[PDB]
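Asker: Got a structure for you, questions after.
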Amino acid sequence: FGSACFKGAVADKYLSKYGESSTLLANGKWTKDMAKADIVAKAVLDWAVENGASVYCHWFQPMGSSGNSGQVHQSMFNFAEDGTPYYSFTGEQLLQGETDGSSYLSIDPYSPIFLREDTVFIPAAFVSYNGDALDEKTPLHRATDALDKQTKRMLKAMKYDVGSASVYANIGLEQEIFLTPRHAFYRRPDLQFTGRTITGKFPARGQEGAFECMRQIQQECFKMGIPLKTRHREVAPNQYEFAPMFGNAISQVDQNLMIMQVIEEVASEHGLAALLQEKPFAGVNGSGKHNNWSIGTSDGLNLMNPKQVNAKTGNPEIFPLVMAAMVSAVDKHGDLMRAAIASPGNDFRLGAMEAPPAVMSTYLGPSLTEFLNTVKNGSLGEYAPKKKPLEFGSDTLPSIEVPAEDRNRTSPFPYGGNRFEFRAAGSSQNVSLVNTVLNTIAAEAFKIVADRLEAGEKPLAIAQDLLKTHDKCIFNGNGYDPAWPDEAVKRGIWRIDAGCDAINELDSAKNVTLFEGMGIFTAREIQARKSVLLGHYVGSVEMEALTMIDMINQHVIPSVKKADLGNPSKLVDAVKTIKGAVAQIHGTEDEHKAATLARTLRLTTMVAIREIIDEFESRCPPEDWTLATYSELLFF
Amino acid sequence: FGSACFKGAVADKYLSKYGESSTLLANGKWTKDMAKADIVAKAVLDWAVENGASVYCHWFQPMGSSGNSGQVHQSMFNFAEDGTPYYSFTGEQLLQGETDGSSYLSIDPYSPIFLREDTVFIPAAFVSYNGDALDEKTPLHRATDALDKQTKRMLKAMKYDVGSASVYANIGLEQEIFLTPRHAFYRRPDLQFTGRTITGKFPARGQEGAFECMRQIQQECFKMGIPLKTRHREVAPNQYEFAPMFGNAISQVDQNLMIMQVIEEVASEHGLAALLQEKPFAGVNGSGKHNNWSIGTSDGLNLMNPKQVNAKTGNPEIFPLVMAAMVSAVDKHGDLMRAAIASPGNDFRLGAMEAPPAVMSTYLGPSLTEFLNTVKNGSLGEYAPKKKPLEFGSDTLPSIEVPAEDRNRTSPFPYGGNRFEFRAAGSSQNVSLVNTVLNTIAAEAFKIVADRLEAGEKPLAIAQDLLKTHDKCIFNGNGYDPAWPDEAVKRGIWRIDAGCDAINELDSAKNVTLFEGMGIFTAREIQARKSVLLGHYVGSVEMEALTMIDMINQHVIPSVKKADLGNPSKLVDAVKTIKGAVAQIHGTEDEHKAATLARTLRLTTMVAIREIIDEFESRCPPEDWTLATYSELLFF
Amino acid sequence: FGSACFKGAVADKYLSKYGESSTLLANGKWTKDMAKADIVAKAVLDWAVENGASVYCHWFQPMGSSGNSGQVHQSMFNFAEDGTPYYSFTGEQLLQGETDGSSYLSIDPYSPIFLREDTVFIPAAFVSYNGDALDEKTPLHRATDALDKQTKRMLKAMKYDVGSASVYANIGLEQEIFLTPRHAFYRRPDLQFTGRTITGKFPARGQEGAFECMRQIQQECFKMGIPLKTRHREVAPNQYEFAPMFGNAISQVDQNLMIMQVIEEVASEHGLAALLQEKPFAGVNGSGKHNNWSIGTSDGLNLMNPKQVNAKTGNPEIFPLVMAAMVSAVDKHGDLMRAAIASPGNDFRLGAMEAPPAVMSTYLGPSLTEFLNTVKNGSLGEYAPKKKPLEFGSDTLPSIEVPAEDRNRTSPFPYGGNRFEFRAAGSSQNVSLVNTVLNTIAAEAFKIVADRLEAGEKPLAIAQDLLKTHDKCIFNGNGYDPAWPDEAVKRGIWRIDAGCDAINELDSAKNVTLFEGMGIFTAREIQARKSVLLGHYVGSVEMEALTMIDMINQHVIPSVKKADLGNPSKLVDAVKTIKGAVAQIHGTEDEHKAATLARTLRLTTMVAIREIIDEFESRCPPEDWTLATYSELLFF
């Protein structure tokens, strides 16, 4: 409906009062202007006051804030000498904010100013006083700008003009959320403090208003201006996927963050809880958040649509080259993608059956694979996944046409026909970093191909050179095969089984040269980003450890003693071990070393402790088990 | 009413807006057409939008999905550049779906597109990318098509033309459901995870809104477009039978599946739970799902009605031959019928008092039996069950006329006067496989008789030959006699006491030659079907075993310790035994071997453990018995 | 709205009935007049009677009453000989009250007569029969009068006339409140009796209608006419900050007190509890109450705005001189400021990460620091914090302008651009004392500079002399550095780590000479004030100790015995130790000695006992821990 999103027709409704329109809001040049800034400030002031809002808060995502997004509130109504609440909202209040960098928010014109409860949320980019990007919005803006400029350069170098069209990253975010009875949520300290179950015995081994909740979500998103296309269940119990369609990544990351938020408070309203962690329950499918990422222009041109590219430009060579470019990007910076997804929860999703393993190998599909191979051999045609017939052996049943591309779900970066469905991204972790890294690697590849074009090299020769350089990362087989990681390592594809090592790869020489090359970060900027990510991971692991300490000391040991399930001295020794592990975590200074110790702890010591707790729970009566068991959380 | 079923008059209401009618929807040829496909897509879009629906999901039944039916949701309203939810639903969205075959859904035009909540459910057939039938809808379609073509061939070979009339399987599905207090359902993990009580002491040994619930069922089915004829109680406590009348098996299997579903969520709404398992409670009558199966043409001709056949065709010879053919089918493939019913729960229903034993012997009734015997002797007349008088010895009490056929309830395949009431089919198991096997065996016999007719053989001689070949399977006596199985074995009738062996009989040489002969399956197709069925059975037994482990360790052992009912070391030994049995189950590779071990475990070791649990429960106070006992589940 | 505040337009509404207006109420001269007193008495009588009020209570803040404000109720309706409730409210009832000084309230014309429930609260000043100021309102009035007269004198001595304009202290009071479930509040005796948790294990170590509640606060302040500008969450869980804008300190202290009250009852009726203590929870951010203090005239001139001062006066020298004045004040009486904030709860906030440490060092900001240094060197210009550009490296993100002043949050007395955001003030403690000390030190500095001006000394020379005398207290670096306190001590800046010693510094020779010099207190007055403050602190510590005794004897020891967490003899010894400590507290006569013993007890022995209790709680099951743990209070 747009009633709670100052964009498009709703924005124009009040911009026309001052002779303006949503066209001014779309480009974002109004922030540079002075009079337009005050005009839109007055317009949003009205929009809020008859929407039932009185406070405007600048909105931002702090570095490594997976939950999830901070804000600073300010009253937009003042009191004069008479002492009356008269509404007054100027452009300076709209654009500039206040928030400490810590060991002056500025608005994001490309994100829609939206509204919740009685407060208008104004998305903004967060930096330090020095000027360092201390958020995720500014890196994404820099990455998108570099992507746009490099794409324009490479298109112009091959005799194609986009005019004033703006290139960006069109992304859909298939956000998956677990829903749990809030009564059970309050009985699980780990979910309260970490968001994912650090322990709990799954029933039957493990080798397998609720409707009101997402209908309220849908009606909210309607009134919220959010085109939430499809919400539907998933394989895991009470796991619901919301899949808004593609849009500018700058706006879409904020859309995803605010969707996560509104889902959290709606579940709280419905007597439920929205578990956003990547793997909130061990033994079930991980709550992945696929990022359908693609290159999209303002006028709707998509670089993953060869037919659309041929129609709009007339040069068939665009689609293969850029593909190899992205292929090269993966083969150049797959670790960075593994770095992007490296989040506390996501380390429990990589390598499982639901999510692809830690091998960052792209999947172009079979037919596209031999098309690119033929291009590499010196034979460029036109990729066209012609649909083959499919009959069911029954005349009553219709004969359908299905794409020859036998689609794959085992790849971290598969090409889903018309876009890259990067499925490695995690639900809790905001995809902002993922889009930054994807945009910067695409920009690097486009810059390389554009430089080669400007040197006079034929686009063909660039295609063969890049393909023979980076065809190793292309994979089409079953990625879930246990014999795949070592084969990929032999091929040379990026594969980091460790999230700690993945993050530590961020400050590598190649990655740093990339970041200053595209202007995404400085050495200090990338070092601070890596430090923040490592600290976030180690702190999340430490809080999981402390919550486990609290559970054994508070729940598991008392339950064992009450039910007389044997000597709990093993659990006491486990508490000693975990406390010592936290001691070494806090006693080491190297951030990567601390993260490595934390990850080893999480994947080995607390895993064994969790197995011990599950063994003790299986023999524990339901009344004695104070902690809410997986049956109550999942099956309700 | 049809308000939630896009069929008949309701479908015509919106097809007339585009100049069409329900006649287009009936035949199913609209899917082949393009313009008609888009027209019906727009019509169903409108139907849903004022029905209060916004999402369309393709609907299918996976291989061996007894619960029960998967679906994929997609939004039928899109957003343009302005960003408004405008409804747009095309034919391609209507026909094609997305779902992984796994180690491209297509609509079922012969199944009515219906609607639940705010989502329109579109029944569809599920295959693999290769083309293999990975569902139950496609095999049933193939079986029905083979049945129709063979019936047309054999009718034409004896000088009878059906014109454009379509032959199919008219089936009624007497679906029986147990209703339990959902409060007690939550206290029985076996019902939560397996649907049937793996343990629990029945009171008194065993040798013997609720009305709001099925009135809501009835009003739903009215608004849902399902002609649910009769719902009524049964012998067992809270066991309700719903008996929709006969219809095309293609539609009726989906009807039964969605009836199972809607009953489940209605019982959940009413604070109850709908146990659909075959034998949810040991010691009471099993919840069977009789399949009233018959051969029916489009114009209403029924092959089990000799009088109707004589009236419509004028040749009395049709009814005996086909009957003999059907008899031959049983005598040729009774094991396959035993294979069809072979489901996890159904192994607790065969051989009991409520359901017929594991001897797949047909029952034609006495008078029809000697009629067919006389035909076999070379004397064909006209079968006519004349109704004999029945007086009660009182002039006040009316004298009635009752058929001379003393009907039988002890047979798995009795001829209920005008149809085959195959009572061996189970409630939880979808009858789709049962209809596939019945249709394919009927088609095989029909092809045999048609080939004999085309060779010039008189239909008489075929009748005597087939009757003298396959009269052994005919049985009229009491099937519940303990001396019946060995007598049937001596006769040569098919009898598989083991569901595992019944399923393993699917890939037999005769059965495989049948399946490619009628085109129902390929060798790979039938092998995959048998593999899936065996895996489903062994997995259900494995989860019953794991639930037993959790019950003993979590409920039975703590209750014994609390109430001081003696040493529970026997229960610990039982846990060790059942865990070891699961270990051998997971340690063997032969699927039939795994299924045989699982069945032996379930019928012997788990039964002994259940007897031990019942002994411990009889001496356990109700407050100490955490598990809800049969008294609470049945008598409420 | 002002409906519950007899001020401004609402007051004029009924003053016009007698030919008066809110101008009469503003100056406060009406109390001196007789007829005007009766007129306003009748006006407020009406205002109350149709607001639904029948009782008027004189309102005052007793010495050291942090909660919070006493009142005396009296009926304003009488009964004549007929016996009818006729409303009669005279000026004598309005002005004079009754309340014992103890070992004759008079109205505060500069505070708005306001209304709550069915009682009109009339703010008033509380003294003794002798005439000694036994409240905080009268000291604040004296301090403001001295500030105004000295400011007028020093402005006139440098050729600037303010006419009839009145100078005062414009303050904002960022009051922070913790919100706790009242169910948990009733389970924490320490919160009931002391307002802050004396014990309780914080989850995860510690190294990190609710919306209806503050919306009701906001609508109350509207209908009450309190311009509560911004209410918003804070870093700590359920910590809400309310930040009314600047106003006359005399009125604003009453505003803060009544806001505290109304928040308390609103939380109470919301099923919650408003913890106003400075550090209600150890391990989280302290609930500070920042006092944004500045010098403001009646006509709106602010002494902290150099541009406004230059515009209104034309003499740039005003802003630097006065600044040095306040700087001198701090360097002269920082201990007094440390004395002002010295409250029972506030001793748990100084030295932590959230609040600045015990070093009372002002922060003028870097650029202002070198501006004042250059002035001290003999070079006076015009301070102007030019805003430097700030770009995010992205053309999409706007380029903003941010002041060159890198703002600091680690200082107790930072100059927040246009005011002094004295953050050391505590939430529970009323800022009345803080404003008294700030006003009197400002008045002393202004009197000194005015005397030097009247002696003929150039304002410049006074600037250099004062700056070279008192530049040591100026600090711009990180105040949270552990190496800062000793550096400040070597510099000579005031630093009192002990609240007891801070209060004992009140009766120092310099402080006493200040207090009679500005007329704020006499020797008896200041001695009584120090005695009351020390007694308040020691009594709060004593009741915390007694509550601790009750917690161990009533909760901790029984919980340990029930859960069998080892020998509780350590807790018995702790009870003996704390009882003995209270014994020495009650056995000593020197008030400062008693306060020092109390502070030592609270910071060492009670802290160790709290650590022991937290250790026992970590191993105690939640059901055994009768006391509500931090998880329940904070996360709800």
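Just remember, in the structure tokens the first chain shown is A, the second B, etc., residues are 1-based per chain, and ligands are 1-based in the order shown.
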Given only C-alpha atoms, how would the per-residue table for chain A near chain C read, listing every residue at most 8 Å away with its closest atom pair and distance in Å to one decimal, sorted by chain and number, as a tab-separated table?

Answerer:
```
residue	atom	partner	partner_atom	distance
A:28	CA	C:396	CA	7.0
A:31	CA	C:398	CA	6.2
A:32	CA	C:398	CA	6.3
A:55	CA	C:230	CA	7.6
A:73	CA	C:232	CA	6.3
A:74	CA	C:230	CA	5.8
A:75	CA	C:230	CA	5.4
A:77	CA	C:229	CA	7.8
A:78	CA	C:229	CA	7.4
A:79	CA	C:227	CA	7.0
A:82	CA	C:8	CA	6.5
A:83	CA	C:227	CA	7.4
A:84	CA	C:1	CA	6.8
A:85	CA	C:227	CA	7.6
A:96	CA	C:400	CA	7.2
A:104	CA	C:402	CA	7.0
A:106	CA	C:398	CA	6.9
A:107	CA	C:398	CA	7.2
A:108	CA	C:397	CA	6.1
A:109	CA	C:397	CA	6.9
A:110	CA	C:396	CA	7.4
A:125	CA	C:397	CA	7.7
A:127	CA	C:392	CA	7.4
A:129	CA	C:406	CA	6.8
A:131	CA	C:390	CA	6.3
A:132	CA	C:392	CA	7.6
A:133	CA	C:392	CA	6.8
A:138	CA	C:392	CA	6.4
A:141	CA	C:394	CA	5.9
A:142	CA	C:394	CA	5.0
A:145	CA	C:394	CA	6.6
A:519	CA	C:393	CA	7.7
A:543	CA	C:204	CA	5.8
A:546	CA	C:204	CA	5.0
A:547	CA	C:204	CA	5.9
A:550	CA	C:618	CA	6.2
A:553	CA	C:619	CA	4.5
A:554	CA	C:621	CA	4.6
A:555	CA	C:621	CA	6.0
A:558	CA	C:621	CA	6.4
```

Asker: Compare B:253, B:493, B:323, B:574 by their minimum atom-to-atom distance to residue 611 (chain B), counting only C-alpha atoms, and give me the closest one.

Answerer: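 The closest residue to residue 611 (chain B) is B:574.
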
Asker: Using DSSP on the backbone coordinates, identify all residues within region 47-243 of chain C classified as strand (DSSP E); present the result as number ranges by chain.

Answerer: C: 55-60, 70-75, 77-79, 85-87, 106-107, 113-116, 119-125, 167-181, 230-233, 239-243

Asker: Select, from A:452, A:529, A:58, A:36, the residue with the minimum atom-to-atom distance to residue 91 (chain A), counting only C-alpha atoms.

Answerer: A:36

Asker: Which residues in region 22-226 of chain C does DSSP call alpha helix (DSSP H)? List them as number ranges by chain.

Answerer: C: 22-27, 35-51, 91-95, 137-157, 182-185, 189-193, 211-224

Asker: For region 37-40 of chain A, please output as a list in words all residues within 7 Å (counting only C-alpha atoms; exclusion window: fewer than 2 positions along the same chain).

Answerer: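 Final neighbour list, sorted by chain and number: residues 15, 18, 30, 31, 33, 34, 35, 42, 43, 44, 90 and 91 of chain A.
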
Asker: What's the 8 Å shell around residue 627 (chain B), counting only C-alpha atoms, without same-chain residues fewer than 2 positions away, as a list in words?

Answerer: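 The neighbour list is residues 187, 188, 555, 625 and 629 of chain B.
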
Asker: Could those selected residues go to a file with N, CA and C atoms, as a compact mmCIF listing (two decimals), in the first residue's frame?

Answerer:
```
# COMPACT_ATOMS: atom_id res chain seq x y z
N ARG B 187 0.62 -35.45 24.84
CA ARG B 187 1.24 -36.28 25.85
C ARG B 187 1.65 -37.65 25.33
N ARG B 188 1.45 -37.91 24.04
CA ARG B 188 1.86 -39.17 23.41
C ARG B 188 2.84 -38.87 22.28
N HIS B 555 9.71 -41.51 30.17
CA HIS B 555 8.44 -41.67 30.87
C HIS B 555 8.38 -42.97 31.66
N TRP B 625 1.97 -41.99 35.67
CA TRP B 625 2.05 -42.31 34.25
C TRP B 625 1.95 -41.02 33.46
N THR B 629 -2.92 -42.32 28.91
CA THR B 629 -3.33 -43.71 28.73
C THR B 629 -4.54 -43.81 27.81
```

Asker: Just the residues within 6 Å of residue 167 (chain A), please, counting only C-alpha atoms, with nothing from its chain fewer than 5 positions along; format it as a list in words.

Answerer: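 Surrounding residues, per the criterion: residues 148, 296 and 297 of chain A.
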
Asker: Which neighbours of region 171-174 of chain A fall inside 6 Å, counting only C-alpha atoms, when residues of the same chain fewer than 4 positions from it are skipped, and could you give them as number ranges by chain?

Answerer: A: 242-247, 249, 289-293

Asker: Take the selection from the previous step and output its residues with N, CA, C and O atoms, as a short mmCIF file (atom, residue, chain, number, x, y, z; two decimals), in the first residue's frame.

Answerer:
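The resulting out_28.cif:
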```
data_model
loop_
_atom_site.label_atom_id
_atom_site.label_comp_id
_atom_site.auth_asym_id
_atom_site.auth_seq_id
_atom_site.Cartn_x
_atom_site.Cartn_y
_atom_site.Cartn_z
N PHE A 242 10.31 -15.85 3.55
CA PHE A 242 9.76 -14.65 2.93
C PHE A 242 10.70 -14.23 1.82
O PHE A 242 11.90 -14.03 2.06
N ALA A 243 10.18 -14.09 0.60
CA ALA A 243 11.01 -13.88 -0.58
C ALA A 243 10.55 -12.64 -1.33
O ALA A 243 9.85 -12.74 -2.35
N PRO A 244 10.92 -11.45 -0.86
CA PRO A 244 10.67 -10.24 -1.64
C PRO A 244 11.45 -10.27 -2.94
O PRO A 244 12.56 -10.81 -3.00
N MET A 245 10.87 -9.70 -3.98
CA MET A 245 11.48 -9.77 -5.30
C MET A 245 12.71 -8.86 -5.37
O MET A 245 13.06 -8.16 -4.42
N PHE A 246 13.36 -8.88 -6.53
CA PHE A 246 14.62 -8.18 -6.70
C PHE A 246 14.43 -6.67 -6.63
O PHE A 246 13.36 -6.13 -6.95
N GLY A 247 15.48 -5.99 -6.19
CA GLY A 247 15.50 -4.54 -6.12
C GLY A 247 16.92 -4.10 -5.84
O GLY A 247 17.82 -4.91 -5.64
N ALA A 249 20.19 -3.24 -4.24
CA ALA A 249 20.75 -3.86 -3.04
C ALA A 249 20.81 -2.88 -1.88
O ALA A 249 20.59 -3.26 -0.73
N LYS A 289 19.53 -17.77 4.23
CA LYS A 289 18.94 -16.58 3.61
C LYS A 289 19.60 -16.40 2.25
O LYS A 289 20.60 -15.68 2.13
N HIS A 290 19.04 -17.04 1.23
CA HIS A 290 19.62 -16.96 -0.10
C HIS A 290 19.58 -15.53 -0.62
O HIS A 290 18.58 -14.82 -0.47
N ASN A 291 20.69 -15.10 -1.21
CA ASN A 291 20.80 -13.79 -1.85
C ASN A 291 20.78 -14.03 -3.35
O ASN A 291 21.76 -14.49 -3.94
N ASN A 292 19.64 -13.75 -3.97
CA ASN A 292 19.53 -13.76 -5.43
C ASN A 292 20.13 -12.46 -5.93
O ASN A 292 19.48 -11.42 -5.92
N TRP A 293 21.39 -12.52 -6.35
CA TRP A 293 22.17 -11.35 -6.73
C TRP A 293 22.34 -11.31 -8.24
O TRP A 293 22.59 -12.33 -8.88
#
```

Asker: Would you pick out the contacts of residue 275 (chain C) at 10 Å or less, using only C-alpha atoms, so that residues sharing its chain but fewer than 5 positions from it are not included, and give the list as a ChimeraX atom specification?

Answerer: /C:176-180,185,191-192,194-197,239,260,263-264,267,280-281,287,427-428

Asker: Just the selected residues (C-alpha atoms), exported as a PDB file, in the first residue's frame, please.

Answerer:
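again.pdb, written as the output of this step:
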```pdb
ATOM      1  CA  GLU C 176      16.934   7.810  32.779  1.00  0.00           C
ATOM      2  CA  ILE C 177      14.622   5.201  34.301  1.00  0.00           C
ATOM      3  CA  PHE C 178      14.863   1.429  34.426  1.00  0.00           C
ATOM      4  CA  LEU C 179      11.613  -0.448  33.843  1.00  0.00           C
ATOM      5  CA  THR C 180      11.144  -3.765  35.610  1.00  0.00           C
ATOM      6  CA  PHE C 185      10.063  -6.065  41.527  1.00  0.00           C
ATOM      7  CA  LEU C 191      14.475  -2.776  44.946  1.00  0.00           C
ATOM      8  CA  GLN C 192      11.438  -2.411  47.204  1.00  0.00           C
ATOM      9  CA  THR C 194      16.509   0.678  48.349  1.00  0.00           C
ATOM     10  CA  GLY C 195      15.597   0.831  44.651  1.00  0.00           C
ATOM     11  CA  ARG C 196      18.742  -0.922  43.404  1.00  0.00           C
ATOM     12  CA  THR C 197      19.747  -4.580  43.281  1.00  0.00           C
ATOM     13  CA  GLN C 239      16.388   1.776  30.187  1.00  0.00           C
ATOM     14  CA  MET C 260      10.018  10.810  38.422  1.00  0.00           C
ATOM     15  CA  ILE C 263       6.649   7.669  35.927  1.00  0.00           C
ATOM     16  CA  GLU C 264       6.618   5.687  39.173  1.00  0.00           C
ATOM     17  CA  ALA C 267       4.777   1.984  35.802  1.00  0.00           C
ATOM     18  CA  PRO C 280      19.910  -0.443  39.776  1.00  0.00           C
ATOM     19  CA  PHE C 281      21.782  -3.340  38.149  1.00  0.00           C
ATOM     20  CA  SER C 287      21.106   5.150  34.881  1.00  0.00           C
ATOM     21  CA  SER C 427      18.891   9.711  38.329  1.00  0.00           C
ATOM     22  CA  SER C 428      17.613   9.104  41.862  1.00  0.00           C
TER      23      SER C 428
END
```
